[PDB]
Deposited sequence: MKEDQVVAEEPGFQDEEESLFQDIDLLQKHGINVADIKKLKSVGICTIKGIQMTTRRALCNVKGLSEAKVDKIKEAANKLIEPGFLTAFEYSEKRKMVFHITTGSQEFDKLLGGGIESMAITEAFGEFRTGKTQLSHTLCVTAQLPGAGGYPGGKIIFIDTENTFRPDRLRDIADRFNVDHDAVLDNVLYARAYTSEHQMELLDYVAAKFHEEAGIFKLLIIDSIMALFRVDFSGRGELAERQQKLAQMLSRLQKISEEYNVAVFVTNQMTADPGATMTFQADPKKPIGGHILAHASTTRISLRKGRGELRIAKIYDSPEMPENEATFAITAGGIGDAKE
């Protein structure tokens, strides 16, 4: 729902352009920002504020739904399969939409091999009537290889040009670019309404470790990180996409432990750990999930991505 539906509610059209200057295009963007993010960042009068907060209430309802009539509103969620059959039974059918799925691993356990398989598998028609669409890949470690996507595209028998032209790409150079680029992701989702399906970020803490070193900067690091994860949760519901996030690990003297404190641990919905086993086999295990229990499976990082 675009924002032009409010100028017929007595709002000036000049207020429509200034709401687009801060990054608000849809009517749910009004319902997520506070009154403090409009009054004290633009600097308008507070009579100018509730005139567009009253106009947003002449729309999608304020109130309550039953759990039964909400459950049929939850049918638009899809599941993007990962590439192997046992790994989908862990997650319940693959990587869920309207959520943040985080898969951390130690050193070589296939986290950019998993993100390269999803750049091909999310373009194919699959289970539940999922039609497939374009993909945005924000990079952090400089480990995206386009000719590695060719080795996976011949396993599913898809042509070379259709795979690489449906994958956007941008490298974030510092931790300010990781919050700069999320303005261009929200604008890219807004134009082609309903085409994009997946947003893959590589290691989100790969740039926070080196830009906020020490203990005197720990309080700012977990505050610039929490404002990013709340933005990723809002984008994932405003436009109905799936977010996949790679994480790193540290030791624990007093035995590993994921980087990022309780703030990354609470905001994430699904948590997977990849370990290394027999040769080219990896072992995946669910820590945190609202519905799936703790179980294990086995990968195979082959020449065509992740298999069995």
Missing CA stretches, deposited numbering from 1, N-terminus first
1-21, 276-283, 338-340
